[PDB]
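Order of appearance sets the numbers: ligands from 1, and atoms from 1 within every ligand. Letters A, B, ... mirror the listed sequences (proteins, then strands); counts begin at 1. Just so you know, these numbers use all the heavy atoms, side chains as well, and skip hydrogens, waters and symmetry mates.
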Amino acid sequence: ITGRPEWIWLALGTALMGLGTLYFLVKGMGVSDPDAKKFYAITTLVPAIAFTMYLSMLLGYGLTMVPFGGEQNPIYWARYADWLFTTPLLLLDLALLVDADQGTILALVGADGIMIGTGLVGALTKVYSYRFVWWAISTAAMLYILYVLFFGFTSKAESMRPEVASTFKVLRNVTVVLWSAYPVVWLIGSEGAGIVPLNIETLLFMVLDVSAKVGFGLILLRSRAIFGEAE
Amino acid sequence: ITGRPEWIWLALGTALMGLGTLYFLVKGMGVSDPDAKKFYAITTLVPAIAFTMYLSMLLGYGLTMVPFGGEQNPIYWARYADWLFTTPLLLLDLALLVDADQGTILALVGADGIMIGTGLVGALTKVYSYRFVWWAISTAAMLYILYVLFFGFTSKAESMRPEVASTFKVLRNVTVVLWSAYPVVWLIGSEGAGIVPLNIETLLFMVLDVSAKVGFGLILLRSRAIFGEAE
Amino acid sequence: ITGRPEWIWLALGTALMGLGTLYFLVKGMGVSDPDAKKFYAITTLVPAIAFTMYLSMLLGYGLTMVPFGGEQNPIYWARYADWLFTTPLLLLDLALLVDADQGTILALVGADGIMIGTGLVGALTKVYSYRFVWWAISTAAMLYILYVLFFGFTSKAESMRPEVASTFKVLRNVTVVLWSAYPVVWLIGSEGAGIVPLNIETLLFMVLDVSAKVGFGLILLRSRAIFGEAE
Ligand SMILES: CC(C)CCC[C@@H](C)CCC[C@@H](C)CCC[C@@H](C)CCOC[C@@H](CO)OCC[C@H](C)CCC[C@H](C)CCC[C@H](C)CCCC(C)C
Ligand SMILES: CC(C)CCC[C@@H](C)CCC[C@@H](C)CCC[C@@H](C)CCOC[C@@H](CO)OCC[C@H](C)CCC[C@H](C)CCC[C@H](C)CCCC(C)C
Ligand SMILES: CC(C)CCC[C@@H](C)CCC[C@@H](C)CCC[C@@H](C)CCOC[C@@H](CO)OCC[C@H](C)CCC[C@H](C)CCC[C@H](C)CCCC(C)C
Ligand SMILES: *C/C=C(C)/C=C/C=C(C)/C=C/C1=C(C)CCCC1(C)C
Ligand SMILES: *C/C=C(C)/C=C/C=C(C)/C=C/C1=C(C)CCCC1(C)C
Ligand SMILES: *C/C=C(C)/C=C/C=C(C)/C=C/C1=C(C)CCCC1(C)C
Ligand SMILES: CCCCCCCCCCCCCCC
Ligand SMILES: CCCCCCCCCCCCCCC
Ligand SMILES: CCCCCCCCCCCCCCC
Ligand SMILES: CCCCCCCCCCCCCCC
Ligand SMILES: CCCCCCCCCCCCCCC
Ligand SMILES: CCCCCCCCCCCCCCC
Ligand SMILES: CCCCCCCCCCCCCC
Ligand SMILES: CCCCCCCCCCCCCC
Ligand SMILES: CCCCCCCCCCCCC
Ligand SMILES: CCCCCCCCCCCCC
Ligand SMILES: CCCCCCCCCCCCC
Ligand SMILES: CCCCCCCCCCC
Ligand SMILES: CCCCCCCCCCC
Ligand SMILES: CCCCCCCCCCC
Ligand SMILES: CCCCCCCCCC
Ligand SMILES: CCCCCCCCCC
Ligand SMILES: CCCCCCCCCC
Ligand SMILES: CCCCCCCCC
Ligand SMILES: CCCCCCCCC
Ligand SMILES: CCCCCCCCC
Ligand SMILES: CCCCCCCC
Ligand SMILES: CCCCCCCC
Ligand SMILES: CCCCCCCC
Ligand SMILES: CCCCCCCC
Ligand SMILES: CCCCCCCC
Ligand SMILES: CCCCCCCC
Ligand SMILES: CCCCCCCC
């Protein structure tokens, strides 16, 4: 484990995702509202999945070597197995908050799968220049997601209860800022141009992951928007 | 790229799926009917997924070598990753058109997963004679799907609006004819008996894919069956 | 095939899953109740999936070698591909029986995915002591599932029709007893401590699989709880 300088950030990430999972699990014990139960189930699964994948990276299972640039490059593939399941769950939290229609939910989840799937292909591609073709396709899929979150959901939240509109607006802004950083870290990190070393890259993804999952969840599950209007 | 004679058909397929995706995306911009939005989302995702997998084959990522018959045989595995997601989406288009019940939808999607999954196992199997055992199981799963589309959905469409009944009947006939060709191309192509060479096999799958996805989508999204009855 | 002593139990399992699939398929022909169709579709898919994965193990495709303990250990990875899809389908049978809320269904299916996913990682892990870390995480996920089936569903079934309450109680008890045996067989078998040899381990999993899928299905599909109350 300790033979890799980035191990400290993988261990911290593992701990923070595990602690986040347990807090949400305990906090959700005393909840019977069927609407609130939906948000607790979605939001608790997110850091639980991330916990297992951070642990796999810490123990060395989620790491492979990819030859490109005449070098064997360490690629943590477990990140994409994490994101494949956690990013659509996070979008479902937002879509259920605004009572989005089914067709829009399917478009979001499908574009998200394309985003993560093409990012994985780009991470494992051995022809250096082709890695950035996949990065560009994946980034186009992300821009579609961000467009929908702004010019489809925002207008839908305003016609909703005030507390669900204000909570959505906050979580929307958090998501757009944090998610946009991921393609940048990829491009300048060891998967892309190799400007930033792997140990610093790992620290950046850990800060982003914890903020986008645990921080996101703390804002959502403390809001009254997750409960139905009741007397 | 150009070192493979089949590259021209992979490049054409990539272009036609990309163009198809963009047309459906633009055409769906001016749509607010929640029913129509469902069909546009399903139908636009189909060629978008196929685009990415054709590109992976063009660039050489979606290709592996499988030893059988005393030879290293080029097997494009990316086809099955495509079909795993696009064939159930196409069946969902048909099932939603006739307002199929949930139990029937689950049976269709499950049989479809078995069809594609066993076809993938057959494509990667190293014992030559066993490849055709998997082909037979996969073909049995397809025949179940075709039976349901005829002796379960057809009777349901007649009790529906006339425009949804006539549109379903057309898309049903297109699907049964085109899908039935796939097991035949597999059997006589490089995955099976090896009668037809890979470059011709690739041309045939490209014609079938574009027809079953883009051609299918053009018929559906030009129909009024996708809109609810409104004044 | 016959070069492996466990082949006899893989062949028996294949036959019993295939026969089970055909019986459920025939029995479900004469069913039009939309509620009953749901249970028949879920319950017939379970042994059909298991059939294909037992066949892959029989023919040698679903087997790999994992080095640990200074030895190349035969690991049947196809079991986890089976369980990944069949265990959530079995939980869906139970959840639909008691009309569970959506949030609870998602929590069950998500915990089940974590259970199977971490068990697969543990089966393929090359550092011997780490294999049991994954076993423990997977077992914690199972205990969560069992808790929900007892202290969330049981109370919900009592407020239901008497026949659905008594049928659920029976299937609940069958599930908790049979599922609990799996982590024990893993721990003492070739994936874990290696006390029980592989051929005996394979026999035990076959008895458990057939009972948990075909036996489970025979109890459910003979009950009147799967039909709506009708005159
Ligand atoms: C509606 C939305 C959900 C739609 C989703 C969008 C999606 C279509 C976007 C594209 C996804 C696609 C790129 C997934 C590729 C997975 C692949 C990286 C797995 C590893 O295989 C890659 C190479 C080794 O580098 O295999 C070496 C050769 C091996 C012999 C490969 C044989 C196994 C194949 C991988 C079998 C295909 C399985 C499916 C891809 C499983 C789904 C994985 C997940 C990442 C989507
Ligand atoms: C309700 C419906 C959706 C049900 C679906 C029906 C489905 C059950 C039908 C059978 C599907 C099954 C054959 C999928 C097999 C995937 C497999 C080809 C992936 C590549 O692995 C094959 C060998 C190399 O040749 O791995 C070499 C050895 C490696 C060490 C393998 C270890 C990884 C395992 C593959 C882990 C299992 C992952 C799941 C199979 C992922 C789903 C893939 C998709 C193709 C279903
Ligand atoms: C809501 C719920 C459904 C959530 C589900 C819970 C889930 C997150 C729990 C953890 C699942 C995770 C451990 C799955 C790992 C699959 C992995 C074993 C496949 C084989 O790859 C392992 C190594 C060889 O040993 O690959 C060698 C290196 C290769 C180069 C690997 C590159 C391919 C990657 C495997 C791509 C990721 C694909 C996804 C993991 C596909 C889903 C598989 C299924 C088992 C979940
Ligand atoms: C909890 C994890 C989250 C919210 C991860 C989000 C990840 C992304 C938005 C990743 C995007 C990428 C691109 C847009 C292209 C480059 C490759 C990716 C996958 C890093
Ligand atoms: C857009 C792609 C489509 C509609 C693909 C359809 C593919 C099939 C219907 C494939 C069927 C197969 C068999 C029936 C057995 C032989 C292997 C397959 C997977 C080619
Ligand atoms: C039809 C198959 C069924 C119902 C299989 C159930 C399997 C389990 C409940 C497996 C549980 C495991 C653990 C709890 C940890 C050890 C590894 C597993 C996956 C065997
Ligand atoms: C979206 C965030 C990207 C900003 C990356 C900042 C990295 C600064 C760290 C110093 C770079 C290390 C280079 C010298 C080793
Ligand atoms: C009462 C609110 C705080 C509860 C404690 C939460 C502990 C989980 C770890 C959170 C750290 C990361 C927060 C986002 C920066
Ligand atoms: C379902 C369509 C299958 C028909 C295949 C027709 C192939 C004819 C092309 C000529 C065969 C090439 C053999 C000589 C190289
Ligand atoms: C107005 C209808 C035609 C629009 C142009 C569609 C261009 C997408 C490519 C379609 C070619 C394949 C059609 C099926 C044979
Ligand atoms: C949950 C069931 C686990 C019980 C396992 C009993 C196995 C007894 C078979 C004899 C053990 C073989 C050891 C000598 C070869
Ligand atoms: C009339 C009920 C029996 C029908 C025959 C079922 C045959 C399928 C194989 C069942 C054997 C396994 C039963 C569970 C132990
Ligand atoms: C194995 C991959 C299957 C999933 C394909 C994605 C489409 C799923 C459609 C689900 C239809 C709704 C069923 C109720
Ligand atoms: C990782 C594979 C999980 C999918 C298994 C297929 C069954 C899914 C059941 C979904 C139940 C409906 C939830 C609302
Ligand atoms: C185009 C939709 C408007 C909202 C999206 C904001 C774009 C942020 C740019 C992200 C940069 C990634 C490289
Ligand atoms: C048996 C259901 C009737 C409709 C299915 C038509 C069968 C077409 C044969 C396809 C040939 C594939 C080898
Ligand atoms: C803790 C929830 C109560 C019901 C679960 C029964 C636990 C059975 C123990 C299984 C042993 C697996 C190692
Ligand atoms: C080795 C660098 C080659 C540059 C390729 C950049 C491709 C980016 C595509 C974005 C449209
Ligand atoms: C090398 C050819 C061996 C023939 C096997 C055919 C199997 C087909 C099974 C269809 C029932
Ligand atoms: C080689 C045996 C090492 C023992 C590790 C046991 C780990 C079990 C963790 C359960 C909390
Ligand atoms: C609940 C605390 C979980 C912390 C265990 C993971 C941290 C790795 C320490 C080496
Ligand atoms: C929108 C046009 C997309 C065409 C790019 C793919 C074709 C491959 C050319 C080499
Ligand atoms: C319907 C009977 C299915 C039996 C075939 C599988 C058994 C393997 C025999 C070698
Ligand atoms: C993106 C930063 C999240 C901050 C988490 C703190 C929330 C406390 C209510
Ligand atoms: C299967 C052939 C499809 C033909 C596509 C043309 C549709 C234009 C309305
Ligand atoms: C767990 C044992 C199941 C027994 C199956 C027999 C059911 C006949 C109704
Ligand atoms: C009005 C809410 C502002 C939230 C933005 C937070 C950016 C990290
Ligand atoms: C909408 C604000 C985008 C912020 C992008 C930050 C990328 C590091
Ligand atoms: C009555 C519609 C006929 C459609 C069949 C088209 C076959 C390619
Ligand atoms: C229902 C007509 C089937 C046509 C099969 C064509 C196979 C090449
Ligand atoms: C295995 C075939 C079953 C025969 C019919 C059983 C009575 C519905
Ligand atoms: C009251 C029903 C008892 C069922 C338990 C069966 C254990 C195999
Ligand atoms: C609730 C009874 C548990 C039985 C466990 C059996 C494990 C072999």
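A donor-acceptor contact shorter than 3.5 Å links the side chain of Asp33(A) to the backbone of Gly228(A).
Taking the ring centre of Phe153(C) as origin, the terminal cationic atom of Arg172(C) falls outside the region bounded by 6.0 Å and 45° from the ring axis.
Contact between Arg131(B) and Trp186(B) at its shortest, heavy atoms only, is O-CH2, 3.9 Å. What you find for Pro67(C) and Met65(C) is that their closest heavy atoms are CD-O, 4.0 Å. Residues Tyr54(C) and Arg79(C) share a closest heavy-atom pair of OH-NH1, 3.9 Å.
Taking CG of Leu106(B) as the reference point, atom CG of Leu92(C) lies at 7.5 Å (rounded to 0.5 Å). Put simply, OH on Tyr80(A) and OG1 on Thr118(A) are 10.0 Å apart, with the number rounded to the nearest 0.5 Å.
Scanning all protein heavy atoms for the shortest distance to atom 7 (C) of ligand 14 gives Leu89(C) CD2, 4.1 Å. Ranking protein heavy atoms by distance to atom 2 (C) of ligand 14, first place goes to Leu84(C) CD1, 4.0 Å. Nearest protein neighbour of atom 13 (C) of ligand 14, counting heavy atoms only, is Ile105(C) CG2, 3.8 Å.
Checked options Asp35(C), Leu220(C), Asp93(C); the residue passing with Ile226(C) is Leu220(C) (criterion: side chain to side chain contact (heavy atoms under 4.5 Å, CB included)). When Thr21(A), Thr86(A), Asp82(A) are each tested for a side chain to side chain contact (heavy atoms under 4.5 Å, CB included) with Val46(A), only one passes: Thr86(A).
Ligand 31 lies under 4.0 Å from heavy atoms of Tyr23(C), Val26(C).
Contact annotation for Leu92(C) and ligand 14: only side-chain heavy atoms (C-beta onward) come within less than 4.0 Å of the ligand.
Between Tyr128(B) and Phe132(B), the ring centre distance stays below 6.0 Å. Ring-centre distance between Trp179(B) and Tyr182(B): not below the 6.0 Å cut-off.
Within the listing of ligand 14, atoms 5 (C) sit less than 4.0 angstrom from a heavy atom of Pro88(C).
For the residue pair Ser190(B)/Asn73(B), the side-chain donor-acceptor check at 3.5 Å is not satisfied.
Counting only heavy atoms, the protein gets under 4.0 Å from atom 5 (C) of ligand 14.
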Between ligand 2 and the protein, tabulate every N or O atom pair separated by less than 3.5 Å, reporting distance only.
from: ligand 2; atom 1: 25 (O); to: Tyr61(C); atom 2: OH; distance (Å): 3.1

